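Okay, structure first, notes after.
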Protein chains: 2
Amino acid sequence: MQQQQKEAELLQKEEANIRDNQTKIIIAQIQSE
Amino acid sequence: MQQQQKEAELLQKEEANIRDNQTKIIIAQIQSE
């Protein structure tokens, strides 16, 4: 259970980073208009 | 109970990050006007 919750932290962190990065490129596209 | 509260921290953190990211793109849209 400890391992499962800790890899849950891992995947939450990586997907949060991905979401922030996607929105970064999205605002870049918005300002490129 | 410890596991439940700690995953509550996890979901609070990820949804807070999502809210900040959404407002980031919102201000980008506002300034794009």
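Residue names in the structure tokens use chain letters A, B, ... in the order shown, residue numbers from 1 in each chain, and ligand numbers from 1 in the order shown.
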Show me a table, sorted first by chain and then by increasing residue number, of the residues of chain A having an atom at most 7 Å from chain B, each with its shortest atom pair and the distance in Å to one decimal, counting only C-alpha atoms and written as CSV.
```
residue,atom,partner,partner_atom,distance
A:16,CA,B:14,CA,6.7
A:20,CA,B:21,CA,6.4
A:23,CA,B:25,CA,6.7
A:27,CA,B:28,CA,6.0
A:30,CA,B:32,CA,6.9
A:31,CA,B:32,CA,6.3
```
Would you save the residues of that selection, restricted to N, CA and C atoms, as a PDB file, in the first residue's frame?
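The resulting out.pdb:
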```pdb
ATOM      1  N   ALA A  16       0.852  16.507 -13.497  1.00  0.00           N
ATOM      2  CA  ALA A  16       0.718  17.931 -13.208  1.00  0.00           C
ATOM      3  C   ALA A  16       1.747  18.745 -13.981  1.00  0.00           C
ATOM      4  N   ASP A  20       0.885  21.666 -16.762  1.00  0.00           N
ATOM      5  CA  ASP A  20       1.462  23.007 -16.734  1.00  0.00           C
ATOM      6  C   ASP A  20       2.203  23.305 -18.030  1.00  0.00           C
ATOM      7  N   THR A  23      -0.259  23.962 -20.876  1.00  0.00           N
ATOM      8  CA  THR A  23      -0.844  25.296 -20.791  1.00  0.00           C
ATOM      9  C   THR A  23       0.181  26.379 -21.101  1.00  0.00           C
ATOM     10  N   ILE A  27      -0.598  29.194 -23.873  1.00  0.00           N
ATOM     11  CA  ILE A  27      -0.540  30.650 -23.759  1.00  0.00           C
ATOM     12  C   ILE A  27       0.437  31.221 -24.777  1.00  0.00           C
ATOM     13  N   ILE A  30      -1.600  31.480 -27.783  1.00  0.00           N
ATOM     14  CA  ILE A  30      -2.583  32.554 -27.653  1.00  0.00           C
ATOM     15  C   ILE A  30      -1.930  33.898 -27.943  1.00  0.00           C
ATOM     16  N   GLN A  31      -0.752  34.134 -27.365  1.00  0.00           N
ATOM     17  CA  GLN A  31      -0.051  35.390 -27.596  1.00  0.00           C
ATOM     18  C   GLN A  31       0.572  35.468 -28.983  1.00  0.00           C
TER      19      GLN A  31
END
```
Least-squares fit on all C-alpha atoms, paired in order: put chain B onto chain A and return it as a PDB file with N, CA and C atoms, in the first residue's frame.
```
ATOM      1  N   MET B   1       0.829  -1.202   0.000  1.00  0.00           N
ATOM      2  CA  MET B   1       0.000   0.000   0.000  1.00  0.00           C
ATOM      3  C   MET B   1       0.865   1.254   0.000  1.00  0.00           C
ATOM      4  N   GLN B   2       1.954   1.248   0.774  1.00  0.00           N
ATOM      5  CA  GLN B   2       2.865   2.390   0.757  1.00  0.00           C
ATOM      6  C   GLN B   2       3.439   2.609  -0.637  1.00  0.00           C
ATOM      7  N   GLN B   3       3.880   1.531  -1.289  1.00  0.00           N
ATOM      8  CA  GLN B   3       4.429   1.660  -2.636  1.00  0.00           C
ATOM      9  C   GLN B   3       3.382   2.189  -3.608  1.00  0.00           C
ATOM     10  N   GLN B   4       2.147   1.693  -3.503  1.00  0.00           N
ATOM     11  CA  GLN B   4       1.085   2.132  -4.402  1.00  0.00           C
ATOM     12  C   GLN B   4       0.804   3.622  -4.232  1.00  0.00           C
ATOM     13  N   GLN B   5       0.709   4.087  -2.986  1.00  0.00           N
ATOM     14  CA  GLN B   5       0.441   5.504  -2.774  1.00  0.00           C
ATOM     15  C   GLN B   5       1.622   6.368  -3.208  1.00  0.00           C
ATOM     16  N   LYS B   6       2.849   5.861  -3.073  1.00  0.00           N
ATOM     17  CA  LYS B   6       4.007   6.674  -3.425  1.00  0.00           C
ATOM     18  C   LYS B   6       4.160   6.781  -4.943  1.00  0.00           C
ATOM     19  N   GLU B   7       3.896   5.694  -5.675  1.00  0.00           N
ATOM     20  CA  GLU B   7       3.836   5.834  -7.127  1.00  0.00           C
ATOM     21  C   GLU B   7       2.621   6.646  -7.569  1.00  0.00           C
ATOM     22  N   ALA B   8       1.554   6.684  -6.763  1.00  0.00           N
ATOM     23  CA  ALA B   8       0.464   7.610  -7.052  1.00  0.00           C
ATOM     24  C   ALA B   8       0.941   9.055  -6.959  1.00  0.00           C
ATOM     25  N   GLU B   9       1.745   9.369  -5.940  1.00  0.00           N
ATOM     26  CA  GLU B   9       2.391  10.680  -5.899  1.00  0.00           C
ATOM     27  C   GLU B   9       3.214  10.920  -7.157  1.00  0.00           C
ATOM     28  N   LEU B  10       3.979   9.911  -7.580  1.00  0.00           N
ATOM     29  CA  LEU B  10       4.838  10.077  -8.750  1.00  0.00           C
ATOM     30  C   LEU B  10       4.023  10.432  -9.991  1.00  0.00           C
ATOM     31  N   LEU B  11       2.956   9.671 -10.256  1.00  0.00           N
ATOM     32  CA  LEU B  11       2.168   9.934 -11.455  1.00  0.00           C
ATOM     33  C   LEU B  11       1.405  11.249 -11.343  1.00  0.00           C
ATOM     34  N   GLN B  12       0.934  11.608 -10.145  1.00  0.00           N
ATOM     35  CA  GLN B  12       0.299  12.910  -9.986  1.00  0.00           C
ATOM     36  C   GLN B  12       1.277  14.030 -10.311  1.00  0.00           C
ATOM     37  N   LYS B  13       2.514  13.921  -9.826  1.00  0.00           N
ATOM     38  CA  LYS B  13       3.495  14.966 -10.091  1.00  0.00           C
ATOM     39  C   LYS B  13       3.811  15.065 -11.578  1.00  0.00           C
ATOM     40  N   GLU B  14       4.034  13.928 -12.244  1.00  0.00           N
ATOM     41  CA  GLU B  14       4.417  14.002 -13.652  1.00  0.00           C
ATOM     42  C   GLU B  14       3.263  14.516 -14.510  1.00  0.00           C
ATOM     43  N   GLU B  15       2.026  14.082 -14.232  1.00  0.00           N
ATOM     44  CA  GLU B  15       0.910  14.584 -15.029  1.00  0.00           C
ATOM     45  C   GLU B  15       0.630  16.054 -14.735  1.00  0.00           C
ATOM     46  N   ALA B  16       0.852  16.507 -13.497  1.00  0.00           N
ATOM     47  CA  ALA B  16       0.718  17.931 -13.208  1.00  0.00           C
ATOM     48  C   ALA B  16       1.747  18.745 -13.981  1.00  0.00           C
ATOM     49  N   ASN B  17       2.987  18.254 -14.040  1.00  0.00           N
ATOM     50  CA  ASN B  17       4.003  18.930 -14.838  1.00  0.00           C
ATOM     51  C   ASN B  17       3.598  18.973 -16.306  1.00  0.00           C
ATOM     52  N   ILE B  18       3.052  17.868 -16.820  1.00  0.00           N
ATOM     53  CA  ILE B  18       2.613  17.838 -18.213  1.00  0.00           C
ATOM     54  C   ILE B  18       1.509  18.860 -18.448  1.00  0.00           C
ATOM     55  N   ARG B  19       0.549  18.954 -17.525  1.00  0.00           N
ATOM     56  CA  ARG B  19      -0.539  19.914 -17.690  1.00  0.00           C
ATOM     57  C   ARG B  19      -0.018  21.345 -17.693  1.00  0.00           C
ATOM     58  N   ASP B  20       0.885  21.666 -16.762  1.00  0.00           N
ATOM     59  CA  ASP B  20       1.462  23.007 -16.734  1.00  0.00           C
ATOM     60  C   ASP B  20       2.203  23.305 -18.030  1.00  0.00           C
ATOM     61  N   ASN B  21       2.937  22.321 -18.546  1.00  0.00           N
ATOM     62  CA  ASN B  21       3.699  22.525 -19.771  1.00  0.00           C
ATOM     63  C   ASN B  21       2.775  22.739 -20.970  1.00  0.00           C
ATOM     64  N   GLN B  22       1.702  21.948 -21.051  1.00  0.00           N
ATOM     65  CA  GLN B  22       0.732  22.115 -22.126  1.00  0.00           C
ATOM     66  C   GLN B  22       0.090  23.492 -22.073  1.00  0.00           C
ATOM     67  N   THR B  23      -0.259  23.962 -20.876  1.00  0.00           N
ATOM     68  CA  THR B  23      -0.844  25.296 -20.791  1.00  0.00           C
ATOM     69  C   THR B  23       0.181  26.379 -21.101  1.00  0.00           C
ATOM     70  N   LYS B  24       1.459  26.129 -20.812  1.00  0.00           N
ATOM     71  CA  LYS B  24       2.500  27.072 -21.206  1.00  0.00           C
ATOM     72  C   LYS B  24       2.526  27.236 -22.722  1.00  0.00           C
ATOM     73  N   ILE B  25       2.559  26.117 -23.450  1.00  0.00           N
ATOM     74  CA  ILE B  25       2.562  26.237 -24.908  1.00  0.00           C
ATOM     75  C   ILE B  25       1.237  26.815 -25.400  1.00  0.00           C
ATOM     76  N   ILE B  26       0.140  26.570 -24.677  1.00  0.00           N
ATOM     77  CA  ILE B  26      -1.148  27.132 -25.077  1.00  0.00           C
ATOM     78  C   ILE B  26      -1.131  28.652 -24.971  1.00  0.00           C
ATOM     79  N   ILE B  27      -0.598  29.194 -23.873  1.00  0.00           N
ATOM     80  CA  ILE B  27      -0.540  30.650 -23.759  1.00  0.00           C
ATOM     81  C   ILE B  27       0.437  31.221 -24.777  1.00  0.00           C
ATOM     82  N   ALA B  28       1.509  30.485 -25.090  1.00  0.00           N
ATOM     83  CA  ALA B  28       2.395  30.923 -26.165  1.00  0.00           C
ATOM     84  C   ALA B  28       1.637  31.031 -27.483  1.00  0.00           C
ATOM     85  N   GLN B  29       0.811  30.029 -27.791  1.00  0.00           N
ATOM     86  CA  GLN B  29      -0.009  30.082 -28.997  1.00  0.00           C
ATOM     87  C   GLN B  29      -0.993  31.245 -28.947  1.00  0.00           C
ATOM     88  N   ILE B  30      -1.600  31.480 -27.783  1.00  0.00           N
ATOM     89  CA  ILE B  30      -2.583  32.554 -27.653  1.00  0.00           C
ATOM     90  C   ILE B  30      -1.930  33.898 -27.943  1.00  0.00           C
ATOM     91  N   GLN B  31      -0.752  34.134 -27.365  1.00  0.00           N
ATOM     92  CA  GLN B  31      -0.051  35.390 -27.596  1.00  0.00           C
ATOM     93  C   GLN B  31       0.572  35.468 -28.983  1.00  0.00           C
ATOM     94  N   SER B  32       0.756  34.332 -29.660  1.00  0.00           N
ATOM     95  CA  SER B  32       1.266  34.365 -31.026  1.00  0.00           C
ATOM     96  C   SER B  32       0.225  34.867 -32.018  1.00  0.00           C
ATOM     97  N   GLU B  33      -1.051  34.879 -31.641  1.00  0.00           N
ATOM     98  CA  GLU B  33      -2.112  35.337 -32.530  1.00  0.00           C
ATOM     99  C   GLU B  33      -1.927  36.809 -32.883  1.00  0.00           C
TER     100      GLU B  33
END
```
